[PDB]
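> The data below comprise the sequence and an experimental structure of the protein.
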Amino acid sequence: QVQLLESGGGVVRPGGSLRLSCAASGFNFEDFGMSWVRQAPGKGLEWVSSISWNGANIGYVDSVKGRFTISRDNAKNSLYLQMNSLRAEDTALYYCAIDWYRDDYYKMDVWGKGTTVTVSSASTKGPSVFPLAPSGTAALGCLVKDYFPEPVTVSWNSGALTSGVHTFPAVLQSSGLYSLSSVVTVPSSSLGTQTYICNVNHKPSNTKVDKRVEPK
Amino acid sequence: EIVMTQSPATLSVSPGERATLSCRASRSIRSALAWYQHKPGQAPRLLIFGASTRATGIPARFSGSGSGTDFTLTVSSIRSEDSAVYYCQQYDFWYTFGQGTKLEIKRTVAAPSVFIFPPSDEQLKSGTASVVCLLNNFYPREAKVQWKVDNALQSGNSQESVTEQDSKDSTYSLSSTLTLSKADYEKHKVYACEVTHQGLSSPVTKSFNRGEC
Ligand SMILES: OC[C@H]1O[C@@H](O[C@@H]2[C@@H](OC[C@H]3O[C@H](OC[C@H]4O[C@H](O)[C@@H](O)[C@@H]4O)[C@@H](O)[C@@H]3O)O[C@H](CO)[C@H]2O)[C@@H](O)[C@@H]1O
């Protein structure tokens, strides 16, 4: 389908810089104005910047004026955001979205999935994955422990198992590292027959783990 | 800069009823007001543009109106899938979102299903033991978890996490993780998780003996 794909997020020190990109496919990129919209942890959506279809009108939220620069490359169907002098308030998930069709009408019904920007001095650390082993209905899961920064994604059976899955929000431990669990409830009779594997992916540290959860 | 003020901040409404959400701009934005639904884990979804025009595929139970500074969204025949944060957004002069209204679906009371998980042997190799207690599919959100180690009440060594409201059955789930050193974990035998919730006749305890089964 129509798609926007953000990339370039990661950990950067306060005062540092980063360039985000947003690749468009499935439509005439050159026909649409584009916006960056962010969501800081525990806060609401905040519009950041916009560049019209032909680059004639460019806008910024006041708190990023002089620090961020939006641009586009129609030949590469790509939108960019150069983020300088990064502050803690810039820590957020960054979405790209179309806004207007040319100068005719507001549309803004196509959004990306977001890329995560973390403004921190701390180091990147991949998680450890431990099984939460089962003991009519059974429960099992995976413990994803001691990673930085957010986020991690967890699937079960490579996305085949979705019903009954609860992946918890991460908690910040006193160590400064994050930890979460993903659990699933399954029929107790299928424990010896069906195989259960959590698929943990922590992109910032290039960690991909497939853990088998079996009865003890 | 235009200030968008949304009210109420939070809302808890049972399936089938209706809720009205309010949005105010600090100066006139004419009709350039949009409404968005944002479910946790998904990208925002446009509901309304032009103050009163449903976006493509949005059902008639989403109704928007307003002009100038005052706007409302009314959501009728509310369903469990409507659990989300709802934002207004002015687009008369660039773009500004309101702070949002978090809509919870007030389903009937549901007691937690409680499970306890001992540390894996693999984790004990690292020198830390994580004991996890799971409270599954309960409503309302408020629940108390107490850890007992050899009948000694624990304090300060646990952390809780609550899921977002389930879009299908409107329940919550909660995990409490007890963290101990391997040395502390191997000193004791009985590890217990005691759960209190309004849907339970009496507090429920799930426990295990270290090294058994
Ligand atoms: O046209 C769609 C395209 O425009 C942006 O959104 C519009 C935006 O305008 C706010 C004000 O900016 C304009 O002022 C600058 C004007 O002067 C120079 O000559 C040119 O750079 C430019 O034409 C003024 O016209 C506007 O009042 O805010 C609204 C957002 O909904 C749009 O009207 C982009 O976001 C969009 O892609």
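In hand now; what should we look at? Numbering: from 1, shown residues only, chains lettered A, B, ... in the order given.
> Test my guess that residue B:97 contacts residue A:39.
No: applying C-beta atoms under 8 Å as the test, residue B:97 and residue A:39 come out as separate, 9.7 Å apart. Just so you know, the C-beta spots here come from the backbone N, C-alpha and C atoms, and that holds for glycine as well.
> distance of residue A:3 from residue A:23?
Using C-beta to C-beta, to the nearest Å, residue A:3 is found at 8 Å from residue A:23.
> Also residue A:87?
Distance of residue A:87 to residue A:23, computed by C-beta to C-beta: 27 Å.
> Now for residue B:97 and residue A:39: what residues contact both?
Common contact partners of residue B:97 and residue A:39 (C-beta atoms under 8 Å, 6 or more residues apart in numbering or on different chains): A:45-46.
> Tell me if residue A:63 really is in a strand.
No: secondary structure of residue A:63 (DSSP: H, G, I helix; E, B strand; the rest coil): helix, not part of a strand.
> separation between it and the ligand?
18 Å (C-beta to the nearest ligand atom, to the nearest Å).
> can you pull the contacts of that residue?
By C-beta under 8 Å, 6+ apart, the neighbours of residue A:63 are residue A:89.
> 10 Å instead?
Listed by C-beta atoms under 10 Å, 6 or more residues apart in numbering or on different chains, the contact partners of residue A:63 are A:46, A:48, A:87, A:89-90, B:1.
> Identify those among the residues you listed that sit within strands.
A:46, A:48 (DSSP state E).
> thinking again about what came up before, who's more crowded, residue A:87 and residue A:23?
residue A:23 (16 against 13; other C-beta atoms under 10 Å in any protein chain shown).
> If we ignore the residues flanking it in sequence, what's nearest that one?
In this structure, residue A:23 finds its nearest non-sequential neighbour in residue A:5, 4.7 Å apart by C-beta to C-beta, 6 or more residues apart in numbering or on different chains.
> strands paired with the host helix or strand of the one you found, and their directions?
Assigned by DSSP states H and E, residue A:5 belongs to strand A:3-7. Strands that pair with strand A:3-7, judged by DSSP bridges, come out as strand A:18-25 (antiparallel).
> of all the residues in chain B, which ones are close to the ligand?
By the rule C-beta under 6 Å from any ligand atom, the part of chain B lying against the ligand is B:91, B:93-94.
> now swap in chain A and tell me
So chain A meets the ligand at A:33, A:50, A:52, A:56-57, A:59, A:99-100, A:103, A:106 (C-beta under 6 Å from any ligand atom).
> so which residue of chain A comes closest to the ligand?
residue A:33 (2.1 Å; C-beta to the nearest ligand atom).
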